[PDB]
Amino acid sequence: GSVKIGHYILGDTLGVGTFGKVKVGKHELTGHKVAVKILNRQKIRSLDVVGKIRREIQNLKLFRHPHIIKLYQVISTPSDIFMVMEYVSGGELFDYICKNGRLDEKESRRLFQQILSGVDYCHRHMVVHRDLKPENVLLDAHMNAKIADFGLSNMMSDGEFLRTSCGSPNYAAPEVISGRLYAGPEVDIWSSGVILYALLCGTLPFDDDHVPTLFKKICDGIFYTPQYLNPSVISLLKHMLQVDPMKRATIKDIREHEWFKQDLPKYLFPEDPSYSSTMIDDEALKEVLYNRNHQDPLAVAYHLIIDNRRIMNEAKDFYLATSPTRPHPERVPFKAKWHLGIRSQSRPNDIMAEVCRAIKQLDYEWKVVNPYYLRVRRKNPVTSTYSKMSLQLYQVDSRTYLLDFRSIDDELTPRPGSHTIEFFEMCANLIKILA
């Protein structure tokens, strides 16, 4: 007898994983090849990712996109979980660059457009890969990029930041190696910049055998630009590799960049850069894979009305506000400066003590997760329900610190009052004391 799961005959080991090995497989009838990621259930219990594994399976299985590895099926056994995925024969992009050296400009751009399309698709679905690098970018027989190994990925939540140490130092953003909080799309963009550099130069932009030197090189953002590099893509690299995450290029910026726009196929970015819906986008949906796959009429109709809405340019100002001729009639006759939470120049220990005694003064219940992190709950004296908020002390500068208020969604059914206003009133009581 052989080793056979889901009619596939398990072959040689492609690669190893922290939880389990990845093994090629071959259909006993058609000879179709897949990649089977074996997850030992007792191992995923030892370090408890069981919820994280459950989530990764959900998201990856819903994903469809040419340049992301597809998850065909997840087969469960008493001792093991089998993830059946598409198989690409070209292997790692890293190995291809090792063997063949640097790719020319047109081939580097062709692959980078495919890779960034996958990265964009992940961000639209609120997923950050966090592991992006040539080792995790595979190739098929036709040299199409395939993004793999979402094991280190994460699902982004509203109002939350990610401090988790991830990936590799060479591909890690300056804020990642510094342990600073980040949103995470800007980190995938940094990694994509290093991939783009590796495609063009055949070497890594930040590398050193001395680890402290390497971490300084990354935080300095200084890398060598070879003479043969197009100044256009150099400007693109400088923007993606910006140390400041607020000055770092977005995917919208890259799509607008002239070097990226050249030769770009339409299937890679069928959608507007915005990750939020527009009136025009919904219009097509109301009229009732195709966007990312080769064109089909049902897919074609979508672009048809999108291009028809664009040519006129008369419908865009309706659904959203542009930031910078005829003034809007209601904007003509009508400055307050907003700020985040409340600031204190006192000691971090003193301001946390003042908060805690004020939480107690208001008869609020609170749990201490971190010295600077608090989770506070207030019972509404009217509706007899509970209002939750999280408190985090941040450091603005040397002498300045900031208390951050953040609302927490409840799990309740339709409920009395306003969840947003109840959050404001709860903060209002505390702010009144602290001010």
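All residue numbers refer to positions in the sequence shown, first residue = 1.
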**Check: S277 without coordinates in a third or more of other entries** = yes
**Asked** Relative to the other compared entries, is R130 without coordinates in a third or more of them?
**Response** no
**Request:** Enter the number of deposited residues without atomic coordinates between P324 and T325, binned as none, 1 to 3, 4 to 9, or 10 or more.
**Result:** 10 or more
**Message:** Between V288 and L289, what class does the number of missing deposited residues fall in: none, 1 to 3, 4 to 9, or 10 or more?
**Reply:** 10 or more
**Prompt:** Averaged over C-alpha atoms, is the B-factor higher for 92 to 100 or for 273 to 281 in this PDB entry?
**Reply:** 273 to 281
**Asked** What stretch has the higher average Cα B-factor here, 112 to 120 or 293 to 301?
**Response** 293 to 301
**Request:** Specify which of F318, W190, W338, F215 carries the largest Cα B factor in the deposited PDB entry.
**Result:** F318
**Prompt:** Taking the values straight from the PDB record, which of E28, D410, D404, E56 has the highest C-alpha temperature factor?
**Reply:** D410
**Request:** Taking the values exactly as deposited, rank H419 by C-alpha B-factor within its chain and report the matching third: lowest, middle or highest.
**Result:** middle
**Complete:** So, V382's CA B-factor, relative to its chain, sits in which third? The highest
**Message:** Where does the C-alpha B-factor of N40 rank in its chain, lowest, middle or highest third?
**Reply:** lowest
**Fill in**
Tertile call for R309 (CA temperature factor, within chain, third-based) is the highest
**Request:** Quick one: classify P226 as lowest, middle or highest third of the chain based on its Cα B-factor.
**Result:** lowest
